[PDB]
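Residue numbers (my numbering), protein chains in the order written: chain A, 1 to 49; chain B, 1 to 74; chain C, 1 to 99; chain D, 1 to 239; chain E, 1 to 64; chain F, 1 to 378; chain G, 1 to 54; chain H, 1 to 54; chain I, 1 to 59. Ideal placement from N, C-alpha and C gives every residue a C-beta, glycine not left out.
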Ligand code: HEC
Ligand code: HEM
Ligand code: HEM
Ligand code: HEM
Ligand SMILES: CCCCCCCCCCCCO[C@@H]1O[C@H](CO)[C@@H](O[C@H]2O[C@H](CO)[C@@H](O)[C@H](O)[C@H]2O)[C@H](O)[C@H]1O
Ligand SMILES: CC1=NC2=C(CCCC2)C(=O)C1c1ccc(Oc2ccc(OC(F)(F)F)cc2)cc1
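Have a look at this one:
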């Protein structure tokens, strides 16, 4: 059956914030985006200069 | 040729994560260093030997040019 | 016979086995090979498709499989030979007829 | 035709981020002025070039006024001679190259504007040449006027040793030894050939820092986007 | 008074210099002793100066 | 439906730039195309800005170039960007070609041959560029290299004087070299677009030399972000030269003005021609030497026909790999030898290196392919 | 534009450089010009659609 | 040449010393006129026949 | 309070309009800061060598 398919373990790849499977990712969503977009924003300020 | 007209593929599953769910550099040194050494060892005696040979024919020819320009004891 | 020592050596040196490829996956696709591929049965074709997908994905990561997972020299079936041989044999007949 | 290449002297501007010693330039200019400028031209350096480098506007105006230069025509239709100003270039000793040869027994003294850049070794080369004049070895002599220098190609030059102890009194009162006079003039000839030196290196530092910032940031952006693919697992599930 | 000619002497009294200076003096009183041979001694001088002025470079600029 | 696939101008951009299906696995050696484009655009801008200040008259020429570096605002940084940018171009070119050779991308015949043309055009451009400052190496380089064409029987001697527009490299030669040098980059840009037009017929090759249709990724964002990173690294290399060693890849003798009497000690072209300059000097006969120098480049057109291996890439081919790296090391030897005076041991090394160049391409690497095949029962 | 306080040395030199490059820019824009024309095809003297008689 | 001193001289040097330089020079000058004749005629067509709707 | 990166997101990086205005403000403040800071590093590395350092002697 297709019910035999279950998603592989991605623990190795995950951010620390989303490791805990019993907690909601939504707490960390505000933060995780902030970090990655800051990198992009910093880059743009540098390129601008 | 557009996406959707490339080729025929059957029964191949692909799981993947959002870049916001994961790290940019997971085990970057931990797994990176050994993989580099493996990659380097794999190609070293294909890549290196000709440049060894260049280095030798170069340093030989350079100081051969120097010796030849000196006067000979006669 | 006697060069079988070198054939086995070359096989591992070449190293397509490290990506879980068989020899006939590495054949450069000309017009004959295209036709040979086109003639493969569902099973043999989808295996080819996956083996390559796997190899390309490994190449993308600059990694190889575990040594247990490498294609053994002895277990490398020449899967494309019967199709390719006949595709070529056919074209040579048309080329003959054309003269 | 053997060859002795110069050693690498530790100049105050040797390093990647090291500027020219501008007080050394100020001295070195005077070594061109007092010693060279009666033999070598330096056509690409004007008196305005000195301002904000080794001299003030007012100092450079005084140095310019000190020299003759032709100008014209006036309304009568004649070519007169006038006191120099900032817009004037450093004046050539002779009216042409053919006149220059005659004054130096056939040999043409090269223009010094780019001599650091136009000779292998640069300031290391010139310094060795100026200080390296010595007595010839046994078995050797050139034509009467061609001197022995071990750093010149072919071992024989057509220039009289131009620098020695106290050939000039310096404006800031530095003891004018032969090696001090050579060091200073080289530092000036470096600036002559490459005025951009100090700005170039300022830009270099700012480039290295921005690249220090942007490369790992852009590299992080790369790994971020690509992380969808680096993570992915495949599965083959035939019926 | 020149710092240069002080240091040229200082460097001259090193093993690599004095051995090259002896090489120079060998052919000095080989060519100036023998009669009519077109061979000279530029080579030996340059060997000596190479070793000397390398050392001179390393500490001349301290006195300036 | 979107206005990326609809709009006639955006359609070309969307298909050749954004939604382009690219192999998942292409390496750093695939960045060099993008970098060649950046080089070309970089040369055009810097070049155009220099041309606002330069003059092609023989008397004022050297002076104008120096006037740029001393009086024109940031003229120096523009000038040395353009000179080192030309080096960066050729670095990018040989890396780009090497990729093609190693991974067998040359099987894309039209793409490849247009490449050969592009190479030859960039060469012609850069040869004539180096003349424009009108220094010693400029003038004497141009004189020796042009005058090789006199070795052609019957016509050669006329041909040379017709290029020159006189009896030596003089007033008319410099002025026309400025005009040709201005126009050619624009011709390059056109041919480069045709180059890609044929590439987008097949899509890209990859490191395996196995078809990648089963695993294509869209060009954006994957390769837009990689190409940005590449561009960044190209700018670093360029600016490291421009701001820390702008004279490193040139020659000093091009800082003294051109003198038709006074010959420089060891006259030579710029570094990126040195390999082929060495090949020229290997053959004792002059016309032979010219035909060898010409065949040292044109042989690129012959590479696809010389392909013997049943596998496309050298990835799975140890013998070819070594022979390839030998061919690279040999080219590095020819560049070194090209820079040397014509004497022992550089004559013999040069001869031996030139023999090995043509031997590697025409005999050894084809043989190696067929040996590899017979080792795989093929 | 002038590169000075009148039309002089720097103006003439840059006018030569711009005058050289611009025709090539024209050629490009002219190709885009036709690229859009071949979206619709040509108008004709009647100002009535000519699809019925091409 | 775009140098202010030699510029006028170079254009005349074309017309007098350069082989068929005159016919090239005056073709280029009248060719510029022919261009603008062609341009205004081309625009006029567009206006009269309403091709500008494209 | 949510984390600092999170505050940055909600205030500056969420609306693309604020994201761009952030970049333009930041670019100004970076430019002046970087220039002044890097110049200091350069001129300290070349203490007493520059015209800027020896200017006072002739004024
Ligand atoms: C009265 C004559 C005279 C004076 C004084 C003089 N020069 Fe020269 N210089 C020459 C001549 C003549 C040559 C050409 C030598 C030759 O080609 O053999 C020359 C050549 C040079 C060269 C070129 C060496 C080479 O590699 O070809 C440099 C550098 C140079 N001079 C610098 C100086 C400096 C620095 C000073 C003083 C601070 C100076 N000169 C003073 C006449 C002079
Ligand atoms: C101005 C010079 C050139 C430019 C701007 C240029 C541009 C490009 C670009 C953008 C690509 C796609 C990206 C890549 O794979 O690198 C490409 C691919 C290619 N170019 Fe070039 N190129 C130039 C010169 C050459 C030369 C000299 C050759 C060969 C002699 C060549 C042969 C190829 C080939 C074979 C490919 C396909 C690579 C593949 O799919 O694996 N090009 N070129
Ligand atoms: C493939 C593109 C190009 C290459 C490889 C190239 C190469 C070169 C080289 C090697 C020089 C000599 C640099 C030096 O030693 O100073 C040069 C000079 C010059 N180039 Fe280019 N060039 C290119 C495009 C252009 C374009 C498009 C223009 C003008 C529109 C231009 C204008 C000039 C000018 C005016 C000079 C003389 C100034 C100088 O010496 O820097 N070039 N070029
Ligand atoms: C270098 C300048 C130009 C070139 C090379 C050029 C080229 C062409 C060509 C080859 C055609 C198709 C043949 C024809 O109907 O004449 C065309 C059509 C057209 N051009 Fe131009 N053109 C240029 C300038 C202009 C200008 C200045 C305008 C308007 C202000 C314009 C508007 C049009 C229009 C509206 C058409 C469509 C005519 C129709 O279908 O009835 N063009 N152009
Ligand atoms: C005794 C042990 C010998 C082993 C070590 C070898 C180095 C010792 C020097 C021996 C001579 C070497 O041989 C050296 O080869 C080159 C290249 O062919 C010669 O160069 C000459 O021959 C070639 C032959 O094609 C001509 O095209 C060329 O015009 C001419 O200059 C040198 O004049 C010669 O000196
Ligand atoms: C058009 C392109 N096609 C492909 C690849 C690799 C993967 C697949 C095919 C590329 O990197 C690619 C490309 C090429 C050039 C890029 O930047 C440019 C640089 C110059 C340029 O101008 C011009 F026309 F080439 F002269 C146009 C674009 C950006 C991307």
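Chain B contact for residue i (CB, 8 Å cutoff)
i	result
residue 240 (chain D)	This structure gives no information on residue 240 (chain D), because the portion of chain D shown stretches from 1 to 239.
residue 218 (chain D)	no
residue 216 (chain F)	yes
residue 17 (chain C)	no
Residue i beta carbon near ligand 5 (any heavy atom closer than 7 Å)
i	result
residue 341 (chain F)	no
residue 59 (chain B)	no
residue 279 (chain F)	no
Cutoff 7 Å; reference residue i; Cβ partners in own chain excluding five residues on either side
i	result
residue 223 (chain F)	22
residue 83 (chain C)	36, 39, 40
residue 44 (chain E)	23, 24, 27
Test: residue i CB closer than 8 Å to a CB of chain D
i	result
residue 78 (chain B)	Here chain B comprises residues numbered 1 to 74, so residue 78 (chain B) is not present and cannot be evaluated.
residue 16 (chain A)	no
Buried or exposed (CB count within 10 angstroms, at least 16 for buried), residue i
i	result
residue 14 (chain C)	buried
residue 155 (chain D)	buried
residue 4 (chain I)	exposed
residue 106 (chain F)	buried
residue 41 (chain F)	exposed
residue 33 (chain C)	buried
residue 103 (chain F)	buried
residue 302 (chain F)	exposed
residue 44 (chain G)	exposed
residue 55 (chain I)	exposed
residue 181 (chain F)	buried
CB contact check: residue i to chain A, cutoff 8 Å
i	result
residue 214 (chain D)	yes
residue 42 (chain I)	no
residue 6 (chain I)	yes
residue 13 (chain B)	yes
C-beta neighbour in chain H for residue i, strict 8 Å
i	result
residue 55 (chain F)	yes
residue 175 (chain F)	yes
heavy atom of ligand 2 below 7 Å from residue i C-beta
i	result
residue 188 (chain F)	yes
Close-in-space but distant-in-sequence residues of the same chain around residue i (CB under 8 Å, 5 per side omitted)
i	result
residue 172 (chain D)	23, 26, 27
residue 77 (chain C)	22
residue 11 (chain F)	4, 5
is_contact[residue i, chain F] using C-beta, thresh 8 Å
i	result
residue 5 (chain G)	no
residue 6 (chain H)	yes
Inter-residue CB distance, residue i and residue j (contact presumed, cutoff 8 Å)
i	j	result
residue 167 (chain D)	residue 176 (chain D)	7 Å
residue 411 (chain F)	residue 323 (chain F)	Nothing in the structure corresponds to residue 411 (chain F), since chain F is present only between 1 and 378.
Residue-level contact to chain K via CB, residue i, 8 Å cutoff
i	result
residue 75 (chain C)	In the structure shown, chain K does not exist; the protein chains are A, B, C, D, E, F, G, H and I.
Contact test: residue i Cβ vs ligand 6 heavy atom, cutoff 7 Å
i	result
residue 33 (chain F)	yes
Spatial neighbours of residue i in its chain, beta-carbon cut-off 6 Å, leaving aside the 5 residues before and after
i	result
residue 93 (chain F)	none
residue 142 (chain F)	131, 169
residue 149 (chain F)	156, 159, 160
Near ligand 1: residue i beta-carbon under 7 Å from a heavy atom
i	result
residue 158 (chain D)	yes
residue 152 (chain D)	yes
Distance cut-off 7 Å: residue i Cβ against heavy atoms of ligand 4
i	result
residue 51 (chain H)	yes
residue 43 (chain H)	yes
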